[PDB]
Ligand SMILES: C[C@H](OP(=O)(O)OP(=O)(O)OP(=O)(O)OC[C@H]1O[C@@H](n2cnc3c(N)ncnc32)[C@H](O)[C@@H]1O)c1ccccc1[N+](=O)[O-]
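Take a look at this one chain, the form deposited without the named molecule, written out in structure tokens.
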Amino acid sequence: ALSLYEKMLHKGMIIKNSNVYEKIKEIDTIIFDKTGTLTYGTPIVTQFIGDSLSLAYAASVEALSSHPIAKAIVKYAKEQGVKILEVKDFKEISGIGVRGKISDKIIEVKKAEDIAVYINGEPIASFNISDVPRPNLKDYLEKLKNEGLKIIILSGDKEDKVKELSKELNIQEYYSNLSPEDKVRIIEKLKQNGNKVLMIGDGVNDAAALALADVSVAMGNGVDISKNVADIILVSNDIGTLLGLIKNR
């Protein structure tokens, strides 16, 4: 008929080396790296404080970045109606901040305090940003009873945010404010403790954790340009189906 390999692609998953087909059979622990899996890979502005002119300055600078956070700020500014302006002496450092010069001012957009806007050293405005939760869940309650799989949520996000998403999906065990190395460190303790771990991630800030898991699943719409290392690629980015595959055991 078709090669196994051709069947799977037809259901929206790319398989590595077929050692995975026998390696799933035995997993008892399913781990979700929250960003891009339980949520879209796409942030949105939820609040802005300051005047319209500060808004424009901040959007003009973020327009030169390719970061998801930047993209979301330029999109929000355009929906309010402001237009993009001339920026000079641009300078970037991914996930920390960005700088540039307009009308002889120096403007800065950074975090570590969500986001703050600065004009000539003065902190004058701010942004508050979050991510959009996906739909489903049933496939969740399913696998909690099915095989009696344990289910864990990991994230680099703040404690109050991971908690709230945990209540809504009804998951007891979660960990917040994790670096990429912390994540590696959690997967280790589970393996030493005799657990068999399946983990699902988007590739950003977690390539090392995924390489460690007994079976790894990567998102397609996540720029896996160079995280092409995972046992399974959910090319469709339909999480239900994998949840469906784990259900057939």
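Note that residue numbering follows the sequence shown and begins at 1.
Per the record, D89 and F90 follow each other directly, and no deposited residue is missing between them. The PDB entry records a higher mean C-alpha B factor for 164-172 than for its counterpart among 164-172 and 69-77. Looking at 118-126 and 93-101 together, the entry lists the larger mean B-factor for 93-101, computed on C-alpha atoms. Sorting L178, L144, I153, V82 by the CA temperature factor given in the entry leaves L144 at the top. For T46, the recorded CA B-factor ranks within the lowest third of the chain. Only modelled residues enter the ranking. Ranked within its chain, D202 lands in the middle third, by CA B factor from the PDB record.
When all modelled residues of the chain are sorted by CA temperature factor, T29 is found within the middle third. Ranked against the other modelled residues of its chain, the C-alpha B-factor of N195 as given in the entry falls in the middle third. The PDB entry assigns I225 a C-alpha temperature factor belonging to the highest third of its chain's modelled residues.
Heads up, the form deposited with the named molecule bound isn't pictured, but that's what we're talking about next.
With the site C-alphas superimposed, the ligand pose in the deposited bound form sets the named molecule onto this chain such that three or more atoms are within 2.4 Å of backbone or C-beta atoms; a blocked site results. Taking the partner from elsewhere, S166 is found to have every heavy atom lying beyond 4.5 Å of the named molecule in the deposited bound form. For the chain shown alone, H67 is a contact residue for the named molecule in the deposited bound form, at least one non-hydrogen atom being within 4.5 angstroms. Taking the partner from elsewhere, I129 is found to have a heavy atom lying within 4.5 Å of the named molecule in the deposited bound form. Within this chain, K111 lines the site of the named molecule in the deposited bound form, having a heavy atom no more than 4.5 Å away. Stretch-level contact check against the named molecule in the deposited bound form with heavy atoms at 4.5 Å: of 133-141, 146-154, 166-174, 68-76, the positive one is 68-76.
For the options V82, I115, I124, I102, the residue carrying a heavy atom within 4.5 angstroms of the named molecule in the deposited bound form is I115. In sequence order, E92, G95, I96, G97, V98, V109, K110, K111, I115 are the residues of 79-118 having a heavy atom within 4.5 Å of the named molecule in the deposited bound form; the partner itself is omitted from this view.
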